[PDB]
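Asker: Got a structure for you, written out below as structure tokens; questions coming shortly.
Chains as they are written, first to last, in the deposited numbering: chain C, 599 to 648; chain B, 201 to 250.
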């Protein structure tokens, strides 16, 4: 969120119900981003941003 | 009828909660489901339910 605020925007986080299973040893996050214009080619693509 | 109420008594999987459930005390670091006893299986186990 701070080491990468060019592409990434909000970052809804969750602990408990990721996409895999449950158990306390699970969590995930919904990585919302900024529009397409606001991200210059390359290091701003999700393929690169990730 | 003493047998029926009895059979029921000594043959019922008990839920048995969790070892670190929620809420929890600060820390713990370890959470693990607790698996209790299972229902009868063998003819012998049934010949045993006093």
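C-beta: ideal position from N, C-alpha, C; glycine also.
1. Of all the CB atoms in chain B, is at least one closer than 9 Å to the CB of residue 625 of chain C?
2. By a C-beta neighbour count over all protein chains shown, 10 Å radius and 16 as the cutoff for buried, is residue 212 of chain B buried or exposed?
3. For residue 234 of chain B versus residue 218 of chain B, is the C-beta spacing smaller than 9 Å?
4. Is residue 203 of chain B buried or exposed, if buried means 16 or more other CB atoms sit within 10 Å of its CB?
5. How many angstroms separate the CA atom of residue 201 of chain B from the CA atom of residue 246 of chain B?
6. Could you have a look at residue 628 of chain C and say whether DSSP puts it in helix, strand or coil?
Answerer: On the basis of the supplied data:
1. no
2. exposed
3. yes
4. exposed
5. 16 Å
6. In the three-state reduction of the DSSP assignment, residue 628 of chain C falls in the strand class, which pools E and B.
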